[PDB]
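Observations on the three-dimensional arrangement
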Amino acid sequence: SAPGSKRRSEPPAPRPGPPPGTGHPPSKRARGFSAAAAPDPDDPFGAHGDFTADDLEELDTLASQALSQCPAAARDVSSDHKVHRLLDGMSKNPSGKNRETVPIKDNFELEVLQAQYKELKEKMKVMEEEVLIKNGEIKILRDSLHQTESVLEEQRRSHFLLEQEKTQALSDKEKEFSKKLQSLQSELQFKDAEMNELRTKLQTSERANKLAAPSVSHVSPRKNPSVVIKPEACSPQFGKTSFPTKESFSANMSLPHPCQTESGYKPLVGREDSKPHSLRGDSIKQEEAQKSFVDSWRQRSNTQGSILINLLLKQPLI
Amino acid sequence: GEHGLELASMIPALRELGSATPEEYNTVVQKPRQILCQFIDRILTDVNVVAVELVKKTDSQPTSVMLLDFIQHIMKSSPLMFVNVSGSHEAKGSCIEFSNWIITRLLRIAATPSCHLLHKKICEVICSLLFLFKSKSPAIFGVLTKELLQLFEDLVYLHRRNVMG
């Protein structure tokens, strides 16, 4: 009755300690495909509509241990296609349970670290199922890994011909328009989504984002003039990355004659105050001693951003 | 004629780094070098498609190899040139391909660091690793690699930093 999570931690604890031992990573698909029967083929029956291991007990989260097994031994293409026809069996069909929220994240995070590892195409069909199985009222962690979900897919969704990118041209920042996020990690979920927004060039932004979820991000950013403190060590860098969004708006609105902002001078208002606070982000004390990374936030990530302050003064000037 | 205008001083910038016997001539070389990024600041970029975009990046990467050749013994001048090179890619509105090529430039030394496990030698390559160490500081000054943090980013190069560990 008192061995719920500690005894369940011993699986990856055994897995990572042997991962931290010795040579090449063919063990990433050796013991895993052996152990792949223990959950996924243990959930293979699908008694309608309930899998055999998944929808009986809550301890069907060894996929996170399989994600930990995906995180165990990193070379070079092994466990993913070894779980490929297993996930096309299990995780393709046993993911649209439409609530799933007990490790619905780690279900996707299994595919995320799969897509993080290597490959191009087998997960690129699986993102259509994530394009299929989506939600706008997901859980706060289910929205959180969803921001990571297209993020790990974005590298092959910007591989050469972008391969999945216009599949979510309606499943764009519309999904970031699932607003009213939770506490600062869910605020940082948008910051990772801002970090996810670096690719995908700016032809048709008005149907996809219209900088309107970015205005909702600017709504967070207009708050962010004084919304955070000492997680501002995250959040002002997230504001410094929000300064890239105006530079991204500089590469979109001041690209060819859009200006992109109708009811957003109110939004660019405190953004201009945040542009006033852009170079004034690390200007409380400003001593000449720096341990490893202190003053470079509003100096070097303000070198481009004071330009981006003038490029917040480019589509609509200062 | 922009590349021909870029051809005018870059070989002269390749010339002033030849004699590494300065007595404030590297100061007279950095005053050409640090102004050259300021000459690269207002113009000589933001231009035609990926051939000419790589062509402005070619003599950039050629002078970055000359900056990589600047291993002994003007260290911080190359570090001044490190963010100066990063200022171009910051002002590129582009060069995420070149950032992946900078990630490949990180991967150029990474497998070389992985080859430095069984065999580290040729102290210039130890010095060019120190030139790449300020490029890691330039990657620290880049921080648009965290704009590629969605793509399973420089944790790879942190493993190279673990290989530098």
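Residues numbered from 1 in each chain as written, not as in the entry; some residues may be left out. Chains lettered and ligands numbered in written order. Part of a larger assembly, values for the part shown. Heavy atoms only, no water. Residues with missing side-chain atoms left out of burial classes, pairs and counts.

For this deposited structure, the header cites cryo-EM as the method used and 4.7 Å as the resolution.

The PDB entry lists chain B under the name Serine/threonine-protein kinase ATR, with Homo sapiens as the source organism. For this structure, the PDB entry title reads "Cryo-EM Structure of human ATR-ATRIP complex".

Identification of chain A as ATR-interacting protein from Homo sapiens is taken from the PDB entry.

**Let's talk about the overall build of chain B**
So the rule is basically this: In this text, helices come from DSSP runs of H or I with a minimum length of four residues, and strands from runs of E with a minimum of two, each type numbered from the N-terminal end. All radius of gyration figures rest on C-alpha atoms, and the globule criterion is 2.2 Å times the number of residues raised to 0.38.
When helices and strands are tallied, chain B shows seven helices and zero strands. Reading the secondary structure of chain B in the N-to-C direction produces α-α-α-α-α-α-α. Relative to the compact-globule value of 15 Å for 165 residues, chain B shows a C-alpha radius of gyration of 16 Å, a close match. For chain B, the spread of C-alpha atoms along the principal axes amounts to about 45 × 40 × 20 Å.

**Focus: the overall build of chain A**
Going by this rule: Contacts are assigned to residue pairs with any non-hydrogen atoms lying within 4.5 Å of each other.
Scanning chain A from N- to C-terminus turns up 14 helices and zero strands. For chain A, the sequential pattern of α-helices and β-strands runs α-α-α-α-α-α-α-α-α-α-α-α-α-α. Dimensions of chain A along its principal axes, counting C-alpha atoms only, are 65 × 45 × 40 Å. The long-range fraction of contacts in chain A, counting pairs at least 24 apart against all pairs at least 6 apart in sequence, stands at 68%.

**Concerning the interface of chain B and chain A**
Just so we agree on the cut-off: The classification used treats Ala, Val, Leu, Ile, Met, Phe, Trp, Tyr, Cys and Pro as nonpolar, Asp, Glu, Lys and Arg as charged, and all other residues, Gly among them, as polar.
If you look at the interface, chain B gives six residues, while chain A gives eight residues. Within the side of chain B that touches chain A, the residues separate by chemical class into two nonpolar, one polar and three charged.

**Notes on the UniProt feature "coiled-coil region" in chain A**
Short version of the rule: UniProt positions are given in the numbering used here, feature names are shortened, and annotations may be inferred rather than shown by experiment.
Residues annotated in UniProt with the feature "coiled-coil region" correspond here to residues 104–213 of chain A. Secondary structure across residues 104–213 of chain A divides into 52% helix and 0% strand, with the first and last C-alpha atoms of the span separated by 24 Å.

**What about the environment of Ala169(A)?**
In this fold, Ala169(A) is placed in the loop between α7 (140–153) and α8 (184–196). Considered as a pair, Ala169(A) and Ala208(A) are 39 residues apart in the sequence and their alpha carbons are 5.4 Å apart.

**Topic: unusual backbone geometry**
Residue and element names in this part refer to chain A. Between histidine 48 and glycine 49 the backbone carries a cis peptide bond, its omega angle lying at -5°. Take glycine 49: it is sitting in the loop between α1 (27–35) and α2 (62–69). For the peptide bond that leads from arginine 75 to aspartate 76, omega is -15°, which places it in the cis range. Structurally, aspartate 76 is set in the loop between α2 and α3 (78–82).

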